[PDB]
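Trainee: Return a 3D structure for these sequence lines:
(9 chains)
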Amino acid sequence: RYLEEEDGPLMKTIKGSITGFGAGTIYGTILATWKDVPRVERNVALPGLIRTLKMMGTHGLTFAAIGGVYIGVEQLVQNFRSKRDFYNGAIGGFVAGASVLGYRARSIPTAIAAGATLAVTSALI
Amino acid sequence: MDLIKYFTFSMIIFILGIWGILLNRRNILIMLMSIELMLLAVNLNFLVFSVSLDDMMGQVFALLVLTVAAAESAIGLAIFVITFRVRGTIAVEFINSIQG
Amino acid sequence: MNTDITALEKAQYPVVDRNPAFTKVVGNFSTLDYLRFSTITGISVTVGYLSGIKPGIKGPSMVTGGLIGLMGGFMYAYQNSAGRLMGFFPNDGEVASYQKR
Amino acid sequence: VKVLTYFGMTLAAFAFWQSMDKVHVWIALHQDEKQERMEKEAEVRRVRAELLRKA
Amino acid sequence: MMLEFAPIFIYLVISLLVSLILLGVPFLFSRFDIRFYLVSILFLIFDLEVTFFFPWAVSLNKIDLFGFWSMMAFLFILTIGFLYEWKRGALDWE
Amino acid sequence: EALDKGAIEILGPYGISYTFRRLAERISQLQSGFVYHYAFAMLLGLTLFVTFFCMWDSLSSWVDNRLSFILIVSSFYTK
Amino acid sequence: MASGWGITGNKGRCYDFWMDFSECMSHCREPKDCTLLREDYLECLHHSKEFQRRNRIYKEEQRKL
Amino acid sequence: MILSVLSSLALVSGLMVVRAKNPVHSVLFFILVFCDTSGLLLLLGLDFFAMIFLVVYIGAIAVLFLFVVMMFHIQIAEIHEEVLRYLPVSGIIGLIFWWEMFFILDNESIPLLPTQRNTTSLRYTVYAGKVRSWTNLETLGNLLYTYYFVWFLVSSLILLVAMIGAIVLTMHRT
Amino acid sequence: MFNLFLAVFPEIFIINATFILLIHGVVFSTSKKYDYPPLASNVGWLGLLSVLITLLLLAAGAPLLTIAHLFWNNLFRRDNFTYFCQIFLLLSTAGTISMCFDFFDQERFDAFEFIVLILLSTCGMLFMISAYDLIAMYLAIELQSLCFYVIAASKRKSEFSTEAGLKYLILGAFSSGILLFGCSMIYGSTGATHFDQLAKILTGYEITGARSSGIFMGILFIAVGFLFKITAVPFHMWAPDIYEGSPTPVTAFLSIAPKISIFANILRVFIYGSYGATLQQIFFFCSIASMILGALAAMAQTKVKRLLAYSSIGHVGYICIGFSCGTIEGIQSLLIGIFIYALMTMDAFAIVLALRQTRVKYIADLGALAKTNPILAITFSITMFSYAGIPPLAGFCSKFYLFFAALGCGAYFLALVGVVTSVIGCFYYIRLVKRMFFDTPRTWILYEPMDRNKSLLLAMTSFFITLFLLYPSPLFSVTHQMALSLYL
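Mentor: Numbers count the residues shown, from 1 in each chain, chains lettered A, B, ... in the order given. Have a look at this structure:
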């Protein structure tokens, strides 16, 4: 069922960071487009584009950090311990969630909640 | 390469309708016109395919879709008129009361 | 215009006439058919009268309701008569009159 | 817009459509590599499911 | 054949040129009326009626009685619409 | 205090009501009352359908299914 | 071209192929039994294999030049 | 080449429909997109549809749009917005739709590449079809009112609804 | 020749009766002699009679609706599935009409054209059910949609009604254009629009490596249009705004009949055509999104109409779970869920229309209703517990299936979503029971008693809701019949 791949832990981490950046760029574009423009900005176009691109870059960065650290810690767990399970990975989701989303939200309870949610989500898979 | 060129003509009109929706969040009249551009592109698709397949069903449906497009435009502009008459303006900030 | 009366589900009763003419189906109207016709028409006239009192048009409303009922009752009676002649409905009397004439 | 602006946008669109013609010819020229790659991926799946049922 | 449309195009170009010569030689020396919407709607409906008549009129010799009566039913529906519009005062401009 | 009216409440009825009230508040704000947002949502759904159910043949080279769902849930902890 | 009505007032170019495929499928309880007729109909619709073969010829001509 | 000219005219005219500041100009550019479509239909040999697109889209529908838009006297402030910020989202959406749909036929309808050989000599002519040829008009009229008459009548019902709804929504009798 | 039209007798009758009513209304509403009488209730009673006569003609002519099936084949297809679907649609329309007379008389909504447009849309949905070709399907869908656009804007001086109509026209025309683009792709790729031809072309292959992308995207776009029609997330945001902004009898009608007709279309198009997995995954993912989003958004609502709109979105999610599984029991359960949701919604909107005489708007307006009208508070509590799926009320039946398919098609994430969203739904439904029974407000609203039509309809639907699980055999048998008749 899974016998179509070539793997490579470093390649896995790089590709995951790249995919995370792409998804974060798409998400940032969507969020920037949903929002209205500040009233002081309705009559001038360029600052709106700058804010859209800034949102794109910031979301690409945070999503790339999550999508990289998740699999990086997943392999660095399954490499040293060298056991394949859903446990290996629950730790990666937790550390990605905690670190990145707590650096972003600046809150420790938010870090714990985000890591827990990512842990359950990666556990189901 | 004839079929691909006619097809891309119609496809560009369809994409222009989509972009016109995307680009006119303050202009609801242009949104209605973008929808009419999409409908025109679909009609073209049916006619081109009818020719390409030597089949008449694409032409029958093109005529009927014409009737539908006319009816849609008449009703759409009637609703636009009563919306404007009630509010005095067409600005999108006056048609956002229903929410949640 | 090419036509084909053939139904998806075959008639379960003796087929007296596959495609009976309009006047033949009308002439096949039975006592029960006229009872259905009259009941539908009378109910429709009554509804027209009763719903017309408040706007003040009970007479014209009566005529309108009666027209709707006349069309619906005639269509229902025709439906039953033609179904009997075609074998789709139980058609004892149709077969008894057919086996004799 | 100015009339010259409409003319210039038309020229640019004409160039875009000729570029699309080149893209279509490129896609038409690579039908055989698509077919040969598809030969492999479908046959790999066959040799695969056949081997997976030998046990 | 579509060959006969090419002279129409060349004719259009020449008409354009004549228009510009005539127009250019001298450069050398808040109240919405719903009745216009209503007339537009009526025109659109009957425009579609003329459109559906064009194939019918050229095809009458093949469609025979079936085609005639289907067009009559079509007209009957649209004429009921017309009578509705008439009784509602959409045809009055005073 | 620490268990019955503490952690059990927080990891139970008291916390569950809080988080679901915030989730309901946020989901309600999506229905913004702007027709442009409804068309944008329809267009995004169309684009998402096309992308996932047709353009998902060569992506599996660079992506994994695990990452995808991870990022969707992680989007909830933004701003 | 499954309806039969051609755009110039005659039988459609691909109607006979459609009818062959349909008549085969009406009694063959397995769709794979009518695969050849199905791809005949679709080939009539789009001329994919014919044009692919002619493009092969053109490509070989360009290669030998 | 000719298809490239018509495609370019339609592309510019459509951009002007969706990007003009003034909605009256937008309706006028829409008339140009319909004229170009009529030209394409003439190329396909469908002269009835080419004329009907002129009669219905331009002669009747665009007129209604023009009457309504002109009498509305829309002010540019009520509908103005800067569109530079939408270049990325337009880019992604349009690029996905482009890469996926401008090339949807390519696998199914492979183009015949033009060679340096006269392939016109292999056109086979069948004269039997040419004895009494049918126009687009009579070919369509052979079907509309007999084999497919129910859809014709349903379209009449659609038109009736349009007339009723127009009267009911807007009529204020003097 | 005349006997061929026996297959279209119900439609012929209803269309001609609609014309008669249009003429009668316009002639006597303009009459100075009768002082321009309001004719909305008169034409309403005559139209209800017309619907009941149409129902008589259709149900008593079951074998005759299949006469001349080859002559009528290129236009429509009448079978047992269509027979029962059309009977149910006519019953829904009759109930909805009977629920409107108090609204006509007390608000003085005098426009009889309201009834005419409802009847014309009923014709359109009748043609939708028997549609057997993409062309006919689209035409019938457009007729129904245009009637709804016009009736959504019927209160033409109200800001809310004009706003509802405008959003409906734009989002509805957009979705219709998307669906029409899908039909064009399918036609171009297969040269066929008839459902039988599409069946033959597409069966046996699905995605056989060399998949026609044209067919696949035609299917995707048609599916997007259908999902807009059934208010599945993420194509749903038009529904709560239009449901609120439209006049309440319009909201009641839009809640039931279009769903019956569009689900008939979805069955006959997808279950019958053959692209397979992707089509069902579409509906699987949209069902999950609908359940979650409907539950949360309903939990956030403070107005009765919005709560009902979001509840309907959640329930279509539950129903579409049945279409996702793609088995005989899936179709049967979809049909059972549709029937029970329709009866429950008719109950709920009968109560809402009864309370609209004193202008109910907020959930808090129902405070102390168990004192001012105890039997109405019990009837409404029964409806809310039925909506929540508490056994042995009829609402349990649909909930039971959700978990039956989740453990049948082997899907435990679906099961978990169902458990959580069921709990959330139970909460926001029992909040209304708390408001009517447990609260002691300082200011009470006294409500006018309802008319006879709504009391009789409410009594019957409430008896059904409490007592269906005692004698559920006929619905089970008839839905099994319909599920089988989809293929044979």
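
Trainee: what's the closest non-adjacent residue to the residue nearest in space to the middle of chain C?
Mentor: What sits nearest the mean C-alpha location of chain C, by CA atoms, centre = their mean, is residue C:77, with 1.3 Å. Excluding its sequence neighbours, the residue lying closest to residue C:77 (CB to CB, 6 or more residues apart in numbering or on different chains) is residue C:33, at 4.2 Å. In short, each C-beta sits where N, CA and C put it, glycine included.

Trainee: same deal with residue I:171?
Mentor: residue I:238 (4.2 Å).

Trainee: need the contact list for residue I:266.
Mentor: Residue I:266 sits next to I:226, I:230, I:323 when contact means CB atoms under 8 Å, 6 or more residues apart in numbering or on different chains.

Trainee: which one of those sits closest to residue I:310?
Mentor: residue I:230 (14.4 Å; CB to CB).

Trainee: Would you agree that closest one is in contact with residue I:260?
Mentor: No - contact between residue I:230 and residue I:260 fails when scored by CB atoms under 8 Å: they sit 10.7 Å apart.

Trainee: what kind of secondary structure is residue I:232 in?
Mentor: Of the three states, residue I:232 takes coil under DSSP: H, G, I helix; E, B strand; the rest coil.

Trainee: and it, what does it touch?
Mentor: I:283, I:286, I:287, I:289, I:290, I:313, I:316, I:317, I:320.

Trainee: could you measure the residue nearest to the centre of chain C against residue C:98, distance?
Mentor: Using CB to CB, to the nearest Å, one obtains 20 Å as the distance from residue C:77 to residue C:98.

Trainee: go on, residue I:326?
Mentor: 49 Å.

Trainee: which of the two has more neighbours?
Mentor: Neighbours per residue (other CB atoms under 10 Å in any protein chain shown) separate residue I:326 from residue C:98, with residue I:326 holding more: 17 against 14.

Trainee: Phi first, then psi, for that one.
Mentor: Dihedral angles of residue I:326 (phi, psi; degrees, to the nearest 10) stand at phi 60, psi 50.

Trainee: how about it, what does it touch?
Mentor: With CB under 8 Å, 6+ apart, residue I:326 has these contacts: I:271, I:280.

Trainee: Check residue I:170 too.
Mentor: With CB under 8 Å, 6+ apart, residue I:170 has these contacts: B:28, B:31, B:32, B:35, B:76, F:35, F:39.

Trainee: Need the contacts of residue I:266 in CSV (columns: neighbour count and distance to chain D).
Mentor: Below are these laid out as CSV (neighbours: other CB atoms under 10 Å in any protein chain shown; distance: CB to the nearest CB, whole Å):
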residue, neighbour count, distance to chain D
I:226, 24, 32
I:230, 24, 36
I:323, 24, 30
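
Trainee: need the strands for chain C, in chain order.
Mentor: Using DSSP state E, no strands are found in chain C.

Trainee: Could you give the residue of it that lies closest to chain D?
Mentor: In chain C, the residue that lies nearest chain D is residue C:8 (41.9 Å; CB to the nearest CB).

Trainee: Distance of that residue relative to chain H?
Mentor: 18 Å (CB to the nearest CB, to the nearest Å).

Trainee: Contacts only, for the closest residue to that residue other than its chain neighbours.
Mentor: Spatial nearest neighbour of residue C:8, excluding adjacent residues (CB to CB, 6+ apart): residue I:66 at 3.8 Å. Residue I:66 makes contacts with C:7, C:8, C:9, I:7, I:78, I:79, as judged by CB under 8 Å, 6+ apart.

Trainee: was I right about the last one contacting residue I:484?
Mentor: No - in this structure residue I:79 lies outside contact range of residue I:484 using CB under 8 Å: 10.8 Å.

Trainee: So between these two, which is more surrounded?
Mentor: The neighbour count for residue I:79 versus residue I:484, taken as other CB under 10 Å, is higher for residue I:79 (20 against 14).

Trainee: how far away is the residue nearest to that one when sequence neighbours are not counted from residue I:475?
Mentor: Distances taken as CB to CB, 6+ apart place residue I:485 nearest to residue I:79, at 5.7 Å, with adjacent residues excluded. Note on residue I:485: its distance to residue I:475, by CB to CB, is 15 Å.
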